[PDB]
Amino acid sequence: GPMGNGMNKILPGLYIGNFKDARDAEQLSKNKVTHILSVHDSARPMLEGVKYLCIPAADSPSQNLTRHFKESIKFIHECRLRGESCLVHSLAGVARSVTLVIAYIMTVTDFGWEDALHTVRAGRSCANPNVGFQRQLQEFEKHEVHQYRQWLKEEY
């Protein structure tokens, strides 16, 4: 459905879900989630046992997410390098969270944004960033993802 059917594994240690999944103790335990990147209107730390990165942002083409790619990638990558699991969630798990995960996949592979979206959709079929987020991902691919790949190599 339009908000998914529970949080979904995208890659080892990387999940996308909706706001309800992000408070679901059974899902968080089953998936060993210890880091939550919360990107939605009212994002703030809630639960115990979880390291948070909170990005207040709207699901609108007027919302800039590119300025949050670097911090999001650092947060996800350092969690995954330690063998831990990160949930990226928005309200629906469809746009804001998906866009940050696409940027991550693009930085840890050779993929452009469309192949990264295909990867996300294989795990979470409802993924569908708005056209504004799509244009931000396209600019990222043509002008900056190569810088981020080099930063990732130099840092880790």
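Residue numbers run from 1 along the displayed sequence.
- 88 to 96 and 124 to 132 differ in mean CA B-factor, and the higher of the two is recorded for 124 to 132.
- Between 32 to 40 and 57 to 65, it is 57 to 65 that carries the larger average Cα temperature factor according to the deposited entry.
- Sorting the modelled residues of the chain by their CA temperature factor places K74 in the middle third.
- Remark: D110 belongs to the highest third of its chain, ranked by C-alpha B-factor as recorded.
- Among all modelled residues in its chain, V145 ranks in the highest third by Cα B-factor.
- Ranked against the other modelled residues of its chain, the C-alpha B-factor of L14 as given in the entry falls in the lowest third.
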